[PDB]
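Reviewing the structure listed below.
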Amino acid sequence: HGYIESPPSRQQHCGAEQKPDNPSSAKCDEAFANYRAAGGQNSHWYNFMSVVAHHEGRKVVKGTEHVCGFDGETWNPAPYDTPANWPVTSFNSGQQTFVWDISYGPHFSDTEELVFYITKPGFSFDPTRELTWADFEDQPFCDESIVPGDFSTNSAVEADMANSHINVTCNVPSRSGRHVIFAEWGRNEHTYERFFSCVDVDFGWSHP
Ligand SMILES: [Cu+2]
Ligand SMILES: [Cu+]
Ligand code: NA
């Protein structure tokens, strides 16, 4: 059970930090409101660690209706599929570390891969519609696997047992303006259990 903590995923902002029954910030208000308007329940955001399936993820499974929720098991659509102006954090291309928090279900021992996709370079973020696969690159920009549970087998993937985190280092493609990263944490074939996390990032406008 997990989600991306850094950079903060939709589940980190709206889930780990802000809860709809007692928010301390306005940043998730639209996501919370639009989900209630669509018949979603406030209590669903308490399952921010549970965007889950039991299969090989987007490298294999091409037919999902939804991106961030991946037509998963806890709810479909997920809270995280809701069209909204989601909270966005400033981000840079090149070598970046992504931090999965797996504290609520620290399945280190049969972790197999961490996969990351980004929106196409010409993507135009639309807060009124759901993400579609046409918004995303066909292939992942970062796909790091280990012999299951053996983190010494990939120098890009680190287990932090003290924080119950997995740290993955990725080469983030050059981007400008507002983008989305779609990420997966997959366990091996014993379960094929896989967790999904979207990150809203703003690359700004900078060129040498
Ligand atoms: Cu943490
Ligand atoms: Cu779990
Ligand atoms: Na490693």
Side-chain angles (χ1 to χ4, degrees), residues 1-19 23-25 27-28 43-61 64 66 68-76 78-81 86-87 89-91 94-116 140-172 181-201:
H1 283 60
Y3 56 94
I4 293 175
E5 173 171 314
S6 181
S9 67
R10 292 183 177 187
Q11 296 124 293
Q12 175 65 41
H13 292 294
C14 316
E17 292 180 24
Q18 300 295 321
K19 309 290 195 293
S24 62
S25 171
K27 63 172 171 179
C28 296
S43 65
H44 291 173
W45 301 91
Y46 287 75
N47 253 139
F48 57 90
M49 69 292 293
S50 309
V51 188
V52 65
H54 294 87
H55 59 49
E56 293 164 289
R58 178 65 187 172
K59 288 187 289 176
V60 173
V61 176
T64 65
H66 309 277
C68 298
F70 214 76
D71 296 8
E73 297 189 13
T74 308
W75 5 238
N76 183 29
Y80 304 104
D81 293 312
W86 289 87
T89 59
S90 193
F91 203 57
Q95 295 290 114
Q96 301 300 333
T97 303
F98 291 84
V99 180
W100 281 80
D101 179 278
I102 71 168
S103 64
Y104 295 107
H107 318 295
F108 286 108
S109 71
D110 60 2
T111 286
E112 182 162 38
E113 60 176 21
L114 292 300
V115 189
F116 300 78
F141 72 85
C142 185
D143 180 0
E144 296 295 350
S145 68
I146 56 170
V147 171
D150 187 350
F151 285 79
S152 77
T153 62
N154 190 332
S155 57
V157 189
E158 167 178 87
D160 171 0
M161 303 305 294
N163 289 299
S164 296
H165 290 178
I166 298 168
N167 305 320
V168 194
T169 303
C170 294
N171 182 26
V172 179
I181 294 169
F182 161 80
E184 305 179 347
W185 163 42
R187 295 171 64 197
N188 82 340
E189 66 177 344
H190 189 75
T191 68
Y192 277 121
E193 188 167 86
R194 185 173 294 267
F195 296 89
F196 305 88
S197 193
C198 280
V199 189
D200 293 285
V201 286

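Just the heavy atoms: all of them, side chains too, but no hydrogens, waters or symmetry mates, feed the values below. We count ligands from 1, going down the list as the structure has it; atoms in each ligand are counted the same way. This chain uses plain numbering: 1 for the first residue, then up along the sequence.
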Inset, instruction - Measure from the Cu ion (ligand 1) to every N/O/S atom of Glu5 and report the name of the nearest one. - result: OE1

Inset, instruction - Could you check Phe182, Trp45, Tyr3 and say which one makes a ring pair (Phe, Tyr, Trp, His ring centres under 6.0 Å) with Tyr80? - result: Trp45

Inset, instruction - Using only N, O or S atoms, tell me which atom of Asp101 is closest to the Cu ion (ligand 1). - result: OD2

Legend entry - Vertex the Cu ion (ligand 2), arms to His1 N and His107 NE2, rounded to 10°: 100°

Inset, instruction - Could you label the plane-to-plane angle of the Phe195 and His107 rings as parallel, tilted or perpendicular, counting under 30° as parallel and over 60° as perpendicular? - result: parallel

Inset, instruction - Can you tell me, to 10 degrees, how wide the angle at the Na ion (ligand 3) is between O on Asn154 and O on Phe151? - result: 90°

Legend entry - Contact flag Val157/the Na ion (ligand 3), N/O/S atoms, threshold under 3.0 Å: yes

Legend entry - Note, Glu184 side chain near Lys59 side chain (heavy atom, < 4.5 Å): no

Legend entry - Test of ring centre spacing under 6.0 Å for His55 and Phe70: yes

Legend entry - Flag side-chain contact, heavy atom, 4.5 Å: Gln12 against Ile4: no

